[PDB]
Amino acid sequence: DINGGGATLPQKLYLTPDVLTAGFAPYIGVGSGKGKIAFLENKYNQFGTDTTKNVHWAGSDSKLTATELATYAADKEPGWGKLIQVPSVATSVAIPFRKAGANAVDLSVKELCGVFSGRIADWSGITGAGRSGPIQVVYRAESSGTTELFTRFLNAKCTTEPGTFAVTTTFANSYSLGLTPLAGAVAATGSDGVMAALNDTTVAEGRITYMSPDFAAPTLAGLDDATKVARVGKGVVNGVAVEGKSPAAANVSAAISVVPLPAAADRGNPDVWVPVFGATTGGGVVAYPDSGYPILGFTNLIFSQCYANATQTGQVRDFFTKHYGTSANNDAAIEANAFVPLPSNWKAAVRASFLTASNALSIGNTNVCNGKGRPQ
């Protein structure tokens, strides 16, 4: 079997029957940090105790770092082939909370920033929410791609707090002044662990967090309940008050559709395949959108170009053919789990590099993978 795991943000998608195709073992959700280690170092111990198994792929919503890429290129690539890093689906980052009230909770970006910096410690500081009492932040204890996607937004947009947020996979390391300004912030492990803490009725109401939209509510409809999942984007544009949007996929799809393709000449560099958002467009960075739901990003796949086993090679190719297909694809399942399919031009680009047999980057390319590949 082909073994993968990593990011919890999309784990329920990858666990849905037939999203992963023949040969793929059930996906093991353990966090993006562990997913990257598992793949880069071939350490199945990050997935489970049966370390006779080899790792074949990972899900991650944390980008591979310069050091990770360079180390793999030097240590593993000569014998195993190039790694491949590609977007899987696009996603919002939802803000679920436990605080009763008939009023819609609609955070301005400034309010969001204050909640997560500690500047706003009481629900009464959220205009229009009709709520009062302490806010308690729940965050991911471990190295998390959800944290990376969220802190990338805070870094770009929270520009008038006392401190600043660094982009990181460890939330406790993000704010320059630390977590100390927050009173009783709670760390939990996994998307599921954070939601369990958020939903814990043995403690007082008031908790809030950042979350995969597939976990942030029991069903898609729940993402539109602003008494449980915050709208984000409240403000004033051209002199007129505007409401924020829910993190429903429909509210980020327009922004995703116009994300530029990875620069053609550099498509041999895995770093260019994962777009990141930022304050302004330029140098490969895509500006966070001024319309729709504001907090978005990509979750990604990490594979090898080459596998020692020919059956596994074909099975990986069959998965790419489905996941990036023009038709007979995973898009209905992607949408059903609160995510945004990749645009057609993105699917085509992924296929043209990693599937089309003649391409030097293609999975199982006979000239490149001659005598090479990750162990079965």
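Read the figures in this text as sums done on the coordinates, not as results from a lab. Cβ atoms come from the backbone with ideal geometry, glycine included; neighbour counts cover every protein chain shown.
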Packing-based order for 36-48, 228-240, using average beta carbon neighbours within 10 Å, highest first: 36-48, 228-240
In sequence order, calculated HN-Hα J values of the stretch 234-248 (Karplus, 6.51, -1.76, 1.60; Hz; x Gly/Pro): 3, x, 9, 10, 6, x, 10, 4, 10, 8, x, 10, 6, x, 4
Neighbour-count ranking [beta-carbon atoms within 10 angstrom, fewest first] of 296, 64: 64, 296
Principal semi-axes in Å for the stretch 160-207 [√(5λ), Cα gyration tensor, largest first]: 24, 14, 8
With Cα atoms, 0 to 90° folded angle of helix 145-157 axis to the chain main axis: 50 degrees
Principal semi-axes in Å for the stretch 282-339 [√(5λ), Cα gyration tensor, largest first]: 30, 17, 9
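Give the peptides 209-217, 345-353, 244-252 in descending order of average Cβ contacts within 10 Å, highest first.
Descending packing order for the listed peptides: 209-217, 244-252, 345-353.
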Cubic angstrom per residue, convex hull over Cα atoms of the chain: 137 Å³
Extension gain from residue 127 to residue 41, taking 0.36 nm per residue of separation minus the Cα-Cα distance: 26.1 nm
DSSP-defined antiparallel bridges as percent of all bridges, the stretch 93-248, nearest 5: 55 percent
Relative pair counts by distance (%), Cα atoms of the stretch 197-355, 10 Å bins: 9, 30, 32, 20, 8, 1, 0
Globularity ratio of the stretch 326-376, using Cα Rg and 2.2 N^0.38 Å: 1.48
Percent antiparallel among DSSP beta bridges (both partners in the chain, rounded to 5): 60 percent
Long-range amide H partners of residue 300 with built H, under 5 Å: 60, 61, 88
Shape call, the stretch 93-248: gyration tensor on alpha carbons, a/c limit 1.5: rounded
³J(HN,Hα) computed for each position of the stretch 317-334 - Karplus, 6.51 cos²θ - 1.76 cosθ + 1.60, integer Hz, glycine/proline x: 4, 4, 5, 4, 4, 6, 5, 10, x, 4, 9, 6, 10, 9, 4, 4, 5, 4
³J(HN,Hα), Karplus 6.51/-1.76/1.60, whole Hz, each residue of the stretch 265-279, x for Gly, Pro: 5, 10, 5, x, 9, x, 4, 6, 6, 10, x, 10, 8, x, 4
